[PDB]
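> Experimental structure and its sequence below.
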Amino acid sequence: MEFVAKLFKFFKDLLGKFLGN
Amino acid sequence: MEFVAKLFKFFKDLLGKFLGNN
Amino acid sequence: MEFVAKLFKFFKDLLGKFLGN
Amino acid sequence: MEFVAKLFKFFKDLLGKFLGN
């Protein structure tokens, strides 16, 4: 499961730099 | 932007390759 | 006139490929 | 990214000296 924890961290952080801030 | 239009297109490749084909 | 038409044409052709969505 | 943010800066510029003040 630790894999997906790293995965989401990459996903949500990347999109985070993109949407409304 | 086309840059985005392919970013997700790149994600779909990663995820399907990362978690499982099905 | 032809000038403005040509200028807009040039801008759109050069830039639409960039925003090639 | 910064492209779109710059784009509107160009649009308002284009519109500025096009239509007037």
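Received the coordinates, thanks. Numbers count the residues shown, from 1 in each chain, chains lettered A, B, ... in the order given.

> Pull the contacting residues for the residue of chain A found nearest chain C.
When distances are taken as C-beta to the nearest C-beta, chain A approaches chain C most closely through residue A:18, which lies 15.3 Å from it. No exception for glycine: its C-beta is placed from N, CA and C like everyone else's. Counting by C-beta atoms under 8 Å, 6 or more residues apart in numbering or on different chains, residue A:18 makes contact with residue B:4.

> Taking chain A, what residue is nearest to chain D?
Distances from chain A to chain D, computed as C-beta to the nearest C-beta, single out residue A:18 as the nearest residue at 8.4 Å.

> Which residue, other than its chain neighbours, is closest to whatever residue of chain A ends up closest to chain B?
Among the residues of chain A, residue A:7 lies closest to chain B, at 6.6 Å counting by C-beta to the nearest C-beta. Taking C-beta to C-beta, 6 or more residues apart in numbering or on different chains as the measure, residue A:7 lies nearest to residue B:18, with 6.6 Å between them; neighbours along the chain are not counted.

> where does that neighbour fall, phi/psi-wise?
Recorded main-chain torsions at residue B:18 are phi -90, psi -50, according to degrees, to the nearest 10.

> same check, this time on the one 3 residues further on
For residue B:21, the backbone dihedrals are phi -60, psi -30 (criterion: degrees, to the nearest 10).

> Next one: it relative to chain A, how far apart?
In this structure, residue B:21 lies at 16 Å from chain A, with C-beta to the nearest C-beta, to the nearest Å as the measure.
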